[PDB]
*Asks:* 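Take a look at this one; I'll ask things after.
The figures here come from the full heavy-atom set of this structure, side chains too, leaving out hydrogens, waters and symmetry mates. In this chain, numbering begins with 1 at the start of the sequence shown. For ligands, and for the atoms within them, numbers begin at 1 and follow the listed sequence.
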Amino acid sequence: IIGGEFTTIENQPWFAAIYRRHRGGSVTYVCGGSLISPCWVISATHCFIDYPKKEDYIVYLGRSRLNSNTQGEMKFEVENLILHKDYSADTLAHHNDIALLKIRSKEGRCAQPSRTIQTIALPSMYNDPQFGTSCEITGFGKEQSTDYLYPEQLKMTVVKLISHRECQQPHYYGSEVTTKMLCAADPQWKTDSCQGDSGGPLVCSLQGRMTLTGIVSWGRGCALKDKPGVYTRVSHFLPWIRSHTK
Ligand SMILES: N=C(N)NCCC[C@@H](C=O)NC(=O)CNC(=O)[C@H]1C=CC(=O)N1
């Protein structure tokens, strides 16, 4: 996250921190995710494309920090790693960039809600809020696009939904953005999601309820003018989600 603020897991209790085990024993951060039900976390396919082995991953919930332990955190393994069959990408844009991970503890249990862990609601089919709406994004991603390191503390910021007709503009993304994606950006372009934030939530208030409207996918650079954040559009994937979580 560029700009925005530091926060704790309690302010985003659905955020899932996803790491990969490295052969030879080292573990590194891969991507964020969101807890949509007790046993299921939703994220972005491109996070996992180069290493599709479910055994390679660990999912933490209730975790406020990247490389140090948060009290109340719960650790899981991936029982099922579902990547979207229609995933494709360019140098820039990613399509059908959505994934599910089914989590189970070694003890065999799905997540249990607490102070630090809550599920997030899915939207209703094809139901997104109007352009102009302020949503929030959360991640362990770079604080600036040139950084070598990720912050150690979780961050969030606020961005406003942009129009497709508008994200369509040549100055913006043109052809690259489809109806399976949503765009969001700061009006002055000062805050945005950056590498490391992918898989993470775009959360908007829809019908008096915090709702998972998007998944962090791609953008050109991080917080660059005329180049908004692009997000997988959850409301247009419910059938995929329901089918694959049945
Ligand atoms: N919101 C913005 N601006 N970017 C979100 C970046 C999320 C990131 C997470 O892993 N996604 C990607 O890196 C996917 N690939 C990219 O964003 C490509 C496109 C330009 C570039 O610099 N790298």
*Asks:* Give the numbers and elements of all ligand 1 atoms closer than 4.0 Å to a heavy atom of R220.
*Replies:* 20 (C)
*Asks:* Which of the atoms in ligand 1, numbered in the order shown and given with their element, are less than 4.0 Å from a heavy-atom of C222?
*Replies:* 3 (N)
*Asks:* Does the pair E5/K155 count as a salt bridge with the N-to-O cut at 4.0 Å?
*Replies:* no
*Asks:* Take every heavy atom of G196, measure it against each atom of ligand 1, and state whether any distance is under 4.0 Å.
*Replies:* yes
*Asks:* For atom 15 (N) of ligand 1, what's the nearest protein heavy-atom neighbour? Residue, atom name and distance, please.
*Replies:* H94 NE2, 3.5 Å
*Asks:* Could you work out, for atom 22 (O) of ligand 1, the closest of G221, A184, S145 by heavy-atom distance?
*Replies:* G221
*Asks:* Strictly under 6.0 Å, is that where the ring centroids of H236 and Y126 end up?
*Replies:* yes
*Asks:* side-chain hydrogen bond (donor to acceptor under 3.5 Å, both in side chains) for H171 and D226? Distances and angles first, verdict last.
*Replies:* CA-CA 6 Å; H171 346 224; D226 284 316; 5.6 Å; no
*Asks:* Do me a favour and list the nearest non-hydrogen protein atom to atom 2 (C) of ligand 1 with residue, atom name and distance?
*Replies:* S193 O, 3.2 Å
*Asks:* Tell me, please, whether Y173 has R220 positioned over its six-membered ring: NZ or CZ under 6.0 Å from the ring centre and within 45 degrees of its axis?
*Replies:* no
*Asks:* Just jot down the ligand 1 atoms closer than 4.0 angstrom to any heavy atom of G229, in number order.
*Replies:* 1 (N)
*Asks:* Is the contact between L92 and ligand 1 made by the side chain, the backbone, both, or neither, using heavy atoms and a 4.0 Å cut-off?
*Replies:* backbone
*Asks:* Any heavy atom of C47 sitting closer than 4.0 Å to ligand 1?
*Replies:* no
*Asks:* Can you list the atoms of ligand 1 that are under 4.0 Å from a heavy atom of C194?
*Replies:* 6 (C), 7 (C)
*Asks:* Can you tell which part of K227 has a heavy atom less than 4.0 Å from ligand 1: side chain, backbone, both or neither?
*Replies:* neither
*Asks:* Considering distance alone, does some N or O of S217 sit under 3.5 Å from an N or O of ligand 1?
*Replies:* yes
*Asks:* Would you please indicate yes or no on a ring centroid separation below 6.0 angstrom for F131 and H164?
*Replies:* no
*Asks:* Checking salt bridge (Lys or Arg N to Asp or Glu O under 4.0 Å) between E77 and each of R109, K106, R104, which is the one that passes?
*Replies:* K106
*Asks:* I'd like to know whether CD of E55 has more than 12 heavy-atom contacts from other residues, nucleotides or ligands below 6.0 angstrom.
*Replies:* yes
*Asks:* Please indicate whether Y172 has more than 12 foreign heavy atoms, meaning atoms of other residues, nucleotides or ligands, lying under 6.0 Å from its OH.
*Replies:* yes
*Asks:* What do you reckon, are the aromatic ring centroids of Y60 and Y19 less than 6.0 Å apart?
*Replies:* yes
*Asks:* So for ligand 1, is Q195 a polar contact partner (N or O within less than 3.5 Å, distance only)?
*Replies:* yes
*Asks:* Does the ring center of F140 lie less than 6.0 Å from the ring center of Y150?
*Replies:* no
*Asks:* Hey, looking at atom 11 (N) of ligand 1, which of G32, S198, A44 has the closest heavy atom?
*Replies:* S198
*Asks:* Can you report which non-hydrogen protein atom sits closest to atom 17 (O) of ligand 1, along with the distance?
*Replies:* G219 O, 3.1 Å
